[PDB]
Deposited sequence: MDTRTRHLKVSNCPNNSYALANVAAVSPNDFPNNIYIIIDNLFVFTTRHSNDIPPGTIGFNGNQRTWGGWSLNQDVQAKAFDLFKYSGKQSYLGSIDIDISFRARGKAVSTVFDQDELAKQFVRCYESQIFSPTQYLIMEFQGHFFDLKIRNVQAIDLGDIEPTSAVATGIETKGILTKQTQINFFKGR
């Protein structure tokens, strides 16, 4: 369990990849970590981030309710341990809007391309680039499933407690924001 200070990470290599920028000596690269017992992100090493700090873009900070320099608690995250079999995303509904032509199929491809294997949960706020434009994505709801079942046993979830891994078979539903 690490204690890290939140810093802004606007560089597009990170800001568009929806990752938690960490120092190589705080966490290994590309693993799941959970912040403040609620927010799960995939890690990404950065040599330009002070050991003891963790970088997030504006949307991720808004989601966690973290202000700059705010101390935060981070721990390696084990999805199985957390939710057992109901660990994969069967579907995910996203509220999408232009950052401060609507193609559902293309937006979905880009989403899987950029975030496959990442964990998502309702309420999660992230930034995604699509054909030269930046968009704010808010995960509205999720449908967690056990890949072993021919159909979901659980209902569509709206709470941040339900977390699931994005796969190439996850149905992605976008909603032209407001």
query: Deposited positions without coordinates, collected into consecutive stretches in sequence order; finding: 1-4, 105-111
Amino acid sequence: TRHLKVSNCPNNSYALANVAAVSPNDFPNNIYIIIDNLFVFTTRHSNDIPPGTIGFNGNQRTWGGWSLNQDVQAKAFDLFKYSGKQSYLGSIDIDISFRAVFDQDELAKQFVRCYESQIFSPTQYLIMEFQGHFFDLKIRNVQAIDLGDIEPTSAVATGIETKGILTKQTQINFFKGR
From here on, numbers count along this sequence of modelled residues.
| query | finding |
| --- | --- |
| Higher-B stretch (mean Cα B-factor, as the entry records it), 106-114 or 148-156 | 148-156 |
| Greater mean Cα temperature factor according to the PDB record, 21-29 or 7-15 | 21-29 |
| From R140, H133, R44, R61, residue of greatest CA B-factor | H133 |
| Candidate set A76, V101, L89, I96 [ranked by C-alpha B-factor, highest] | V101 |
| Lowest, middle or highest third - CA B-factor, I119 | lowest |
| For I35, the third of its chain into which the C-alpha B factor falls | middle |
